[PDB]
């Protein structure tokens, strides 16, 4: 909750080590050629460093042998030691594994006889064997897949033009119904599989083909650096999010087809990224420099008590709530983090980063990292959690001698406006407190939550409620992520409308409303992968090590909630057509007219946005109605009185859904209206290229609807599958179908009617 500046023996010692031994060299770890291989280790605390060579990454493998051990020597600049140990092995050392045996004091007993010896993999490992205990010497060119030389970054012109899909690699394709091959389900190489369909029946698209259709700009991948919590030699049914770092610069083994050979995971990890780039998707990497799984790490075994934040009592500061904190303010951890980021960008073609507990990382380091990545390309995205997971004890100043500031929401002003911050303001505003699955926000009917949404609409960059972003560029707009409950699960829990993962019409209405808010709000639009298909975790509010089949994306939901997918798909189009919504800066802040005060307690939020981009819509009107009844909303902005509706309770997109004359709109219960000026709609010529299918549910005898009709919307020639309504009482059964239950989208709207008759459920 709090951070404390406390200077002590540990911090002063570490600061002295930086002053004398800070090494800006580029070459720590292994420098490989066919002719020789050089090893470098930074450890001013050591009295000796020994290199151990092996044939295999573990002793259980066929051919496993200790080759030899060698003595590293102190590296001398003049006649002076720079803190670096080095040796050069002459010959071909490709595909050998190694550890270091480091004999070392701690930071507060340098030059003393109080040493211990630790065996460790390289701090600067670029490859490891199974479970990351032994590093591997590799020619990185050999790990490049076919086409890798032609693979470019996929970068957004502006971060605020993004639509982010937060995905776990196992979740993506562990489901058998994903249509991914037995070999590749839950693995890096699932992303390379094109033409995948539900149950491989060839009717409706899944996985990579689904993402192309959905139109997400960005996939954010949950930890795919090497973590501790999956035994890579164990069973395929294991699951962890992987916020348990062991090797920061090595891919996770369990997502590969072979973790024993250290080259395989690298190649396959690159194939995943290439595949996403080929589909025109940007790749954002979840990174966790804020803590390591344990202090029995390569860092601590190489330079004890340097790389972690130390309290005066000798205890490790526990700001992460996982046991330790990485000391970003230290010269050589700062350098490690920035070099690591550059490595993932250059070597793996990563396009941006999501920083776990960014509130533990110091502002100066984050700003230097932003600067470093700008040298590559400023379009490289950065965002993080502007909070910590416990009390943080740090030195007063950084290694540069500037005051320490944590990169929290409170210090947004001190942070680059292109290091964005998760907006828990709009998160809690939309669906209720993330700390309480049963708590209600705006979509469930909270009037007091309205202000959270209203401040969220301008990315908490206009006025101050809870926290203030510098600009929309500094704000991630979201209602749910991997943490806590899924949107749909919180809707279900807070209302009691149904069981977890069961379709309910009112629940789905609330889900559509949340969609409307996210994509008519400024900042970087962000969803949990499958939010658009009503993803459930069966009520699990912390699924980090829960069952694999619980966590996995249920691909059947692309059919069961096809209409909801279609709604998101359409809302995404609206945001990307109307420039004020994807603004990086504050230039549109004074162009909003809210009908009520932003801080108002209300069932209906409405606002207009004046645009200034030629060839776009001139003005947009947006209305959220969380009431259980229809509401007539009259805009305070009466400058436009001819409107074209482009999203309602039924559908969203770029096509006209009907017109409104005047300043008053009828908004159905628990739904949104998005309208644009008539003149602008005509002149801009913005229109949908997507086909539509309308699904009706009719009592055959009378012709009355048993349930509201729904709208599917997708690319022309792409496959769709409709189903009978899941919510219709069990005393009705489908007697016949009119139209094509399944087929392909056309330019013309197609209709399917499920005709119902009287039924009594049997034994």
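Residue numbers count along the first chain shown, from 1.
Given 518-526 and 255-263, the range whose Cα B-factors average higher in the PDB entry: Per the deposited B-factors, the answer is 255-263.
Take the C-alpha B-factors listed in the entry for 685-693 and for 508-516, compute each mean, and give the stretch with the larger one. The stretch with the larger mean CA B-factor is 685-693.
Using only the C-alpha B-factors in the record, can you name which of 709, 722, 725, 69 has the highest? Comparing C-alpha B-factors across 709, 722, 725, 69, the top value belongs to 69.
Out of 573, 470, 105, 173, residue topping the C-alpha B-factor column of the entry: Within the set 573, 470, 105, 173, 105 shows the top C-alpha B-factor.
Determine, from the deposited record, the chain-internal third of the Cα B-factor for residue 459: lowest, middle or highest. Residue 459: CA B-factor falls in the lowest third of its chain.
Lowest, middle or highest third - CA B-factor, residue 203: Residue 203: CA B-factor falls in the highest third of its chain.
Please say which third, lowest, middle or highest, residue 489 falls into when its CA temperature factor is compared across its chain. Its C-alpha B-factor belongs to the lowest third of this chain's values.
For residue 376, the third of its chain into which the C-alpha B factor falls: It belongs to the middle third of the chain when residues are ordered by C-alpha B-factor.
Select lowest, middle or highest to describe the third in which the CA B-factor of residue 184 falls within its chain in this entry. Highest third - that is where residue 184 ends up once the chain's C-alpha B-factors are sorted.
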